[PDB]
Amino acid sequence: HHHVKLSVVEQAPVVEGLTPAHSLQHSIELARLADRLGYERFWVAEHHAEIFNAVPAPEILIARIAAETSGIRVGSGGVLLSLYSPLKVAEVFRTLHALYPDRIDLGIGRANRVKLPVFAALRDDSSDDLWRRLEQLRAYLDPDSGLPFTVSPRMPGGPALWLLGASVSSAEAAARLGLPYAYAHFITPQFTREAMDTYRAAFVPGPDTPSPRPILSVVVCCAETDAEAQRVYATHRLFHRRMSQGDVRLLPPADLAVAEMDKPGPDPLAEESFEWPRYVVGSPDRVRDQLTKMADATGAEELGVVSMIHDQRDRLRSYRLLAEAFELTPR
Amino acid sequence: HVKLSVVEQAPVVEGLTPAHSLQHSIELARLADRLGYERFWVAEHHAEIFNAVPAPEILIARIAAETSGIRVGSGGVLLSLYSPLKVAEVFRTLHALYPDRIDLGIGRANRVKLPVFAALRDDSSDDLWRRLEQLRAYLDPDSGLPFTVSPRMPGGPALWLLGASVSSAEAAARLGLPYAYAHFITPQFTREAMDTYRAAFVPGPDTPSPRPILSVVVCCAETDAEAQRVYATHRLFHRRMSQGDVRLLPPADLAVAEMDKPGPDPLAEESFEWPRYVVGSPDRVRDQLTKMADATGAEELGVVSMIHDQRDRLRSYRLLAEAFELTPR
Ligand code: NA
Ligand code: NA
Ligand code: NA
Ligand code: NA
Ligand code: NA
Ligand code: NA
Ligand code: NA
Ligand code: NA
Ligand code: NA
Ligand code: NA
Ligand code: NA
Ligand code: NA
Ligand code: NA
């Protein structure tokens, strides 16, 4: 059957015992695996001033990862366009497109979760402002738009524009603008169904996009058995306990996390409830079944698979097992 | 001998496309790495059909993966256009991928066209130096900022100031920065600028002594006659620009024919102590460049080229490495 396709969204977490440089190397390794296994695209997220995420400049990792891979699309998931000149962004992604013809995604995301002093420093001198910037970007990417100057480097075609959101409002905007849309279920699981319904219902065809193109971004923690999956997931659980207490540290090791979560204390992930779990955990069959329900309900063509896994060996396993569960054709 | 480096603006040449230019950059960087060039810098040029790279950071990210010994960096990022924090993050990310191999050369945006500049800015000579001090502070994780500059790793990219004025040389001296002077841009002040940099130098972080580079255009071929043929491209490019004729770099043989006809020859109509562009056989170019390096105290020559044909271009850089006795890697 036409299973849902799988893609990777990489925020490059920094894990206890390692450094941001390890995170970057691990991103490359994951991208090469994802390329070989038949994932559709590999996106790199933008995070600023967080010790636990290694990539504030996705465009730099994109430039590298596209050179290390052949078939997978590579791009941003997403560039925080509110922080930048739309012309600068257009130039950067045109340069990527000129290096990696027709392989580059320009996913654009909201800067609403950037800390205020950091935001102010990145700006160096709003809801609707982003959508305006997004129109400006689309215009800079159209070489016939009648601007008084050229957007270098000019080549036929261009990067594929995507809007990333975690709100019903973003889904309305993506619909209005006729953009492909990726919804972060793992960020706002209370509105996933409504957002994806709204995107599809309100969709107005845009330039290269005659029909809705929905992706669902999900955190998945998959291992051979439910018990092993729960062990790998403990890292994430403890990261949430710790963050709820203002304890900001690198992703903790699984075995340590298992021990901690067996003790009394906050468990924000256990204490909340949505239609679908915020983070999807289990054996290959269990995660496949859960994710397929979610994809059917939302009309998602692909799942953008995010992970918060301490150990690279566990992480690569998760993605390998998922490819097999979704019957991906290798490259 | 003086050391040699490459400064790459990625010209777009008649018959080809910007994508060719980028590929040809990579090819040159691999050759330069093998031949023993010290660093490979990528320049930033906006809204010019004849230069392919508005975002040097993207080509740097690729070229550093394609090479192993040569330093790789910007020559230069137009810092007046950007948040110094964003620039710091971008180059910290490069440093995290390519530890201790990255140069962050910073250049002036005074030659960016005004509507383009306005669009890049999205909303003074001294503003740049202020940004430069902000950038240096963001690159110092002990500077007492209320937040961290990701990704944190030991050390950082090497800051360079690129200039084409005596005032830039004064600023570099004042700030204790390594300095690269664009002789090919402002040949009237090369001697004074390089003298001033050295005389006024105040030691800075990690820079106890002046570290001068001279950036030069070179067009080298096996014989003076072949060099002149390759150089005709550049000559014609200048004739055309003086007439408002903006096109890709022309082919050498066509250019030779055109320059034999009456018409503007801006390069012939000017005169400096040293030629704006250095042209000739290996021996001729070596001798000329060595005089210039001796006079300016340059440790290294940043070699720029405006050559139409990639095989002519690679040849120029191969001949130069041999003439300067570079040790291959
Ligand atoms: Na990673
Ligand atoms: Na960060
Ligand atoms: Na960015
Ligand atoms: Na944004
Ligand atoms: Na593309
Ligand atoms: Na991830
Ligand atoms: Na992970
Ligand atoms: Na080139
Ligand atoms: Na340009
Ligand atoms: Na730049
Ligand atoms: Na500047
Ligand atoms: Na050059
Ligand atoms: Na050239």
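Every chain is numbered from 1 and lettered A, B, ... according to where its sequence line falls, protein lines coming before strand lines.
Between the CG atom of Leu120(B) and the CG atom of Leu81(B) there is a distance of 5.5 Å, given to the nearest 0.5 Å. Here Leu134(A) contributes atom CG and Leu179(A) contributes atom CG; the two are 5.5 Å apart, rounded to the nearest 0.5 Å. We find the CG-OH distance between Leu162(B) and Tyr179(B) to be 8.5 Å, quoted to the nearest 0.5 Å. Rounding to the nearest 0.5 Å gives a distance of 6.5 Å between NE2 of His97(A) and CG of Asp102(A). Rounded to the nearest 0.5 Å, atoms OH (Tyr181(B)) and OG1 (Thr190(B)) are 4.5 Å apart. Taking CZ of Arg133(A) as the start and OG of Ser126(A) as the end, the distance is 9.5 Å to the nearest 0.5 Å.
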Yes or no on side-chain contact (heavy atoms from CB on, under 4.5 Å) for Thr17(B) and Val12(B), after CA distance, side-chain angles and deciding distance? CA-CA 6 Å; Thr17(B) 70; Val12(B) 186; 5.7 Å; no
Could you go through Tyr84(A) and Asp122(B), starting from their C-alpha distance and side-chain angles, then the distance that decides it, and tell me whether this counts as side-chain contact (heavy atoms from CB on, under 4.5 Å)? CA-CA 7 Å; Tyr84(A) 306 112; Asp122(B) 183 49; over 6 Å; no
Evaluate the criterion side-chain contact (heavy atoms from CB on, under 4.5 Å) for residue pair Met306(B) and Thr233(B); output intermediate values, then yes/no. CA-CA 8 Å; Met306(B) 277 84 165; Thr233(B) 289; 5.8 Å; no
Evaluate the criterion side-chain contact (heavy atoms from CB on, under 4.5 Å) for residue pair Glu50(A) and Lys115(A); output intermediate values, then yes/no. CA-CA 10 Å; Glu50(A) 288 175 346; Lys115(A) 303 187 272 263; 4.1 Å; yes
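Distance alone, capped at 3.5 Å, places no donor-acceptor pair between the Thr209(A) side chain and the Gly206(A) backbone. No donor-acceptor pair closer than 3.5 Å links the side chain of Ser80(B) to the backbone N or O of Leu128(B). The backbone N or O of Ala12(A) sits less than 3.5 Å from a side-chain atom of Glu10(A), completing a donor-acceptor pair. A distance-only check finds no donor-acceptor pair linking the side chain of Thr93(B) to the backbone of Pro56(A) [under 3.5 Å]. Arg71(B) places a side-chain N or O within 3.5 Å of a backbone atom of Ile102(B) that can act as its donor or acceptor partner. No donor-acceptor distance shorter than 3.5 angstrom exists from the side chain of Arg240(B) to the backbone of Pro250(B), with no hydrogens or angles considered. Side-chain atoms of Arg138(A) come within 3.5 Å of backbone N or O of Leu177(A) as a donor-acceptor pair.
Between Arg313(B) and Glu27(B) there is no salt bridge, since none of the side-chain N atoms of the basic residue sits less than 4.0 Å from a carboxylate O of the acidic one. No salt bridge links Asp123(B) with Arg123(A); every basic N to acidic carboxylate O contact stays at or beyond 4.0 Å.
Contact detail for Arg39(B) and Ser5(B): the closest heavy-atom pair is N-OG, 3.0 Å. The minimum heavy-atom distance linking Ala166(A) with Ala184(A) is given by the pair CB-CB, 4.2 Å. The minimum heavy-atom distance between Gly304(A) and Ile215(A), with the atom names listed, is N-CG2, 3.9 Å. Smallest separation of non-hydrogen atoms from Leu137(A) and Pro86(A): CD1-O, 3.6 Å. For the residue pair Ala98(A) and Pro101(A), the shortest heavy atom distance occurs at O-CD, 4.2 Å. For the residue pair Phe91(B) and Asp103(B), the shortest heavy atom distance occurs at CE2-O, 3.7 Å.
Within a 6.0 Å sphere centred on CZ of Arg130(B), other residues, nucleotides and ligands contribute more than 12 heavy atoms. When the shell of 6.0 Å around CG of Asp206(B) is examined, it contains 12 or fewer heavy atoms from other residues, nucleotides or ligands. Atom CZ of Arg176(A) has more than 12 heavy atoms from other residues, nucleotides or ligands within 6.0 Å. More than 12 heavy atoms of other residues, nucleotides or ligands sit less than 6.0 Å from atom CG of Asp245(B).
Ring to ring, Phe184(B) and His234(B) are not that close: their centroids are 6.0 angstrom or more apart.
Two residues are said to be in side-chain contact when any heavy atoms from C-beta on lie closer than 4.5 Å; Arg276(B) and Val217(B) fail this criterion. Using a 4.5 Å cut-off on side-chain heavy atoms (C-beta onward), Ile106(B) and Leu104(B) make contact. Using a 4.5 Å heavy-atom threshold, the side chains of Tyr98(B) and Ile60(B) count as separate. Residues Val53(B) and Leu22(B) are in side-chain contact: their nearest non-hydrogen atoms beyond the backbone lie under 4.5 Å apart. Counting heavy atoms from C-beta outward, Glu46(A) and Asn53(A) have side chains that stay 4.5 Å or more apart. Counting only heavy atoms from C-beta outward, the side chains of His238(B) and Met241(B) never approach each other to under 4.5 Å. With a 4.5 Å cut-off on side-chain heavy atoms, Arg62(B) and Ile58(B) do not count as touching. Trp162(A) places a side-chain heavy atom less than 4.5 Å from the side chain of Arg213(A).
For the 3.5 Å distance criterion, the side chains of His24(B) and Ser21(B) fail to qualify, holding no donor opposite an acceptor. A donor-acceptor contact closer than 3.5 angstrom is absent between the side chains of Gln11(A) and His47(A). Side chains of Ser165(B) and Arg108(B): no donor on one and acceptor on the other come within 3.5 Å.
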Which donor-acceptor pairs under 3.5 Å do the side chains of residues 143-159 of chain B make with protein atoms, sequence neighbours left out?
unit_1	atom_1	unit_2	atom_2	d
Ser143(B)	OG	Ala137(B)	O	3.1
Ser143(B)	OG	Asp140(B)	O	3.0
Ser150(B)	OG	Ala49(A)	N	3.2

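A perpendicular orientation is assigned to the rings of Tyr197(B) and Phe201(B), their planes being inclined by more than 60° (bins at 30° and 60°).
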